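**Q**
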Amino acid sequence: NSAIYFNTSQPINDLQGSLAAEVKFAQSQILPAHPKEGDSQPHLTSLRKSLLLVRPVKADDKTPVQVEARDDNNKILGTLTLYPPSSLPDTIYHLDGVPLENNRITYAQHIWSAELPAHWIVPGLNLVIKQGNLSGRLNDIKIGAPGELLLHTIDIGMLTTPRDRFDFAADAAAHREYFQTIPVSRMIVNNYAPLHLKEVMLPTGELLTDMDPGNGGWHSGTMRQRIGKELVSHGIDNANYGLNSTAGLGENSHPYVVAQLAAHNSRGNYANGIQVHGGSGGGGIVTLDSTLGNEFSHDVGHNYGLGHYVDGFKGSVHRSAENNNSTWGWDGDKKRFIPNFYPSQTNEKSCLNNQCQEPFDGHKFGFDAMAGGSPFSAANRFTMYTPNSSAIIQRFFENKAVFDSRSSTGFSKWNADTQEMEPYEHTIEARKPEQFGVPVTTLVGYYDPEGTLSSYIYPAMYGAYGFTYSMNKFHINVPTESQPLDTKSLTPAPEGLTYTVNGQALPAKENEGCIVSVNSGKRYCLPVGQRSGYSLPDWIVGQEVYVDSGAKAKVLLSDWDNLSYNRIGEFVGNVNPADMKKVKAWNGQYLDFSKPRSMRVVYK
Ligand SMILES: [Zn+2]
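Using PDB author numbering, the letters of the sequence shown correspond one by one to residues 39 to 137, 248 to 576, 677 to 718, 754 to 767, 779 to 898.
1. Under 6 Å Cβ to Cβ from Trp854, same chain only, skipping five residues before and after it: list those, please.
2. Report the residue ranges of all alpha helix (DSSP H) runs contained in full by the segment 437-523; include only those spanning at least 4 residues, in chain order.
3. Less than 7 Å between the beta carbons of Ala407 and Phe684, yes or no?
4. What residue does the beta strand (DSSP E) around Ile304 start on, and which one ends it?
5. My guess is that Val61 and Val95 are in contact by the Cβ rule of under 8 Å, so how many angstroms apart are they, rounded?
6. With a 10 Å radius around its C-beta and 16 neighbouring C-beta atoms as the bar for buried, classify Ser783 as buried or exposed.
7. Quick one: is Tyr255 buried, meaning 16 or more other Cβ sit within 10 Å of its Cβ, or exposed?
8. In chain order, what residues of the same chain lie with their CB nearer than 6 Å to the CB of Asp315, ignoring the 5 residues before and after it?
9. Give the residues whose C-beta lies closer than 6 Å to at least one heavy atom of ligand 1, in chain order.
10. The beta strand (DSSP E) that contains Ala107, what's its start and end?
11. In angstroms, rounded to a whole number, what distance separates the CA positions of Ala322 and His450?
12. Residue ranges of each beta strand (DSSP E) run of no fewer than 3 residues wholly in the segment 811-841, ordered along the chain?
13. Please state whether the Cβ-Cβ distance between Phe887 and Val895 is less than 7 Å.
14. Using a threshold of 7 Å, state whether the C-beta atoms of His344 and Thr301 are closer than that.
15. The beta strand (DSSP E) that contains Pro70, what's its start and end?
16. Pull the bridge partners of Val337 from the DSSP assignment, please.
17. Are the beta-carbon atoms of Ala64 and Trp478 separated by less than 7 Å?
18. Note the first and the last residue of the continuous beta strand (DSSP E) segment covering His344.
19. Can you tell me which residues form a DSSP beta bridge with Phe865?
20. Would DSSP call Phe44 helix, strand or coil?
21. The alpha helix (DSSP H) that contains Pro535, what's its start and end?
22. Looking at the structure shown, is residue 752 part of a helix, part of a strand, or coil, going by DSSP?
23. For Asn870 versus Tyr828, is the C-beta distance shorter than 7 Å?
24. Which residue or residues does DSSP assign as beta-bridge partners of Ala678?
25. Output needed for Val812: all residues of its chain with C-beta closer than 8 Å, excluding positions within five of it in sequence on either side, in chain order.
26. Among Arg415, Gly429, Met349, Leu436, which has the Cα closest to the Cα of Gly396?
27. Helix, strand or coil: how does DSSP classify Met874 here?
28. On the three-state DSSP scale, how would you describe residue 170?
29. Could you compute how far the alpha carbon of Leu90 sits from the alpha carbon of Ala107?
30. Ends of the beta strand (DSSP E) at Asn388?
31. Return the CA-CA distance between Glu325 and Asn796, expressed in angstroms with no decimal places.
32. Below 7 Å between beta carbons: does that hold for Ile253 and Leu82?
33. By Cβ distance, which residues of its chain are closer than 7 Å to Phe461, with the 5 residues on each side in sequence left out?
34. Per DSSP, what are the beta-bridge partners of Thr117 in this structure?
35. State the start and end residues of the unbroken alpha helix (DSSP H) segment that holds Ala322.
36. How do the segment 477-493 and the segment 548-565 stand: do at least 3 beta-carbon pairs fall below 8 Å, yes or no?
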């Protein structure tokens, strides 16, 4: 017994030409080239590596399939030679050993595949697919904004020590696992040092010690709101926006211009004991008890503009291929599909408001993460969003501005009319960061502007990545590099504060020059006036790389160890591997610098 195919649906042609083929892309999920009538699916997100699935209407698993990609200007981007149906990526339930029958599962039969680089996924992209003498064109590809998510993590102890159970924050792989489920180009997970509050001061001017006089719970308690949410979370969000002061009561003062969320763990001593907070999110905040699984995907989901049971059954239940709201996930690092069903054969149906989705070969179909869904396996510790929710999440990111160090305003926002990221003016009067994603010391507390009395500065909060600038609530970001009716001596920041970047690597700064791994996105940066050691670090040597040079900088590369034999190539701006292969060197010849061995960063 062998081969159990998920998608047995009749392929519909998506091309204009000789070749009849169905086309699918795959980022945070498998998405169609042409969505069916009444189906809600996300479209391609700009600047994110995409799988390309080609299913010829008239099957041919033998004749080589090729893809020629062209940009808006009709310049050939590249040519790919697809993998035969036999080489189609497996499920994450597959095991290595040739004769636990999940290994039989395969997405579909007769599907050809390739990987389209991130820099191709930009509005204007057109494909020409050829299968021998046959050819077809896909020239109406919808590509959305390169969406961004900035997520802060802090563990708050309120009249107690921090819980120390923020699994997500302590696990880099979880940041990566979550990135696979959402339709963004870039995700930054910023670590804040845990906050310990032995005393708690309220905007009413009431100092607490020992316990909050009211009751607390999962969704309640005064501290949970005033401190956990407004002071800490909206404090971190507001400081990054440059707002020096806001009211000590309320959430409306938060501008929420960028998709910036401050996720926390909060527990405090109340008049009914130590109460752990959780189960909520919105307006740039996340109150998490469980930081992995459904609670994370739901709470964060709320920040994307989502409610509960989005669009009833049609929108909330994961479906088989003959239906709408049907898809499978994609793990772009593992190079494997994430099926929308549990690995166990329980023969259970998935129902909502009486409607049901029948199981796939015994496997129970999942659930949106705003309708009580849960991860399928430890392969991805997060809940898969249904195509309907994923489409809403995508629209949400596209409509948000982005912190952008290369922008004249420090911000960029998508122009749906010109199909490009354009500068966005942030208003406090114009407000622009002096420093971008630098370590930060977030100073926080309350002050009485009229006086008489009770102004209180809280202990300094320390972040790995933030933005710096030149009763009421104060929230100011100071660069940690500086070293730090009330006065308080500020403790220096602890050591190991680190942020994570998933997807698109961060851009090179003004007087900086990088080479970046096409695979991992891990950068090797040097400032202007600096060179590498004798040879580049072992990790980057032999790797497929792109150059990212700052406005005031120039990148010098050699294909030899030490910038030797005058075999130096000059790279300015953003240069891709294909444009690193025939570059004129200082020694008057054209050389390949696609696998460099030494580097130097100069001005100009
Ligand atoms: Zn909810």
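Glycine included, each C-beta is placed from N, C-alpha and C at the ideal position.
**A** Well, looking at it:
1. Counting only residues of its own chain and dropping the five nearest sequence neighbours on each side, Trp854 has a CB closer than 6 Å to the CB of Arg861, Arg891.
2. 441-449, 460-464
3. no
4. 296-306
5. About 11 Å separates the two Cβ atoms, so there is no contact after all.
6. exposed
7. buried
8. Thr439, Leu440
9. The filter returns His446, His450, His456, in chain order.
10. 103-108
11. 19 Å
12. Correct list: 817-821.
13. no
14. no
15. Annotation: the continuous beta strand (DSSP E) that includes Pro70 extends over 68-70.
16. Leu299, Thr794
17. A contact, by the Cβ cut-off of 7 Å.
18. 343-345
19. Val849
20. coil
21. 535-546
22. No atoms are given for residue 752, which sits in the stretch of the chain between 718 and 754 that the model skips.
23. no
24. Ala678 is bridged to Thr575.
25. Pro265, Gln837, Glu838, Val839, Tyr840, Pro871
26. Minimum Cα distance to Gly396 is reached at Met349.
27. coil
28. The chain lacks coordinates between 137 and 248, the interval that contains residue 170.
29. 11 Å
30. Here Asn388 belongs to no beta strand (DSSP E); instead the alpha helix (DSSP H) covers 382-389.
31. 10 Å
32. no
33. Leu500, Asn501, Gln503
34. Its beta-bridge partners are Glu106.
35. 320-327
36. With contact defined as three or more Cβ pairs closer than 8 Å, the segment 477-493 and the segment 548-565 are not in contact.
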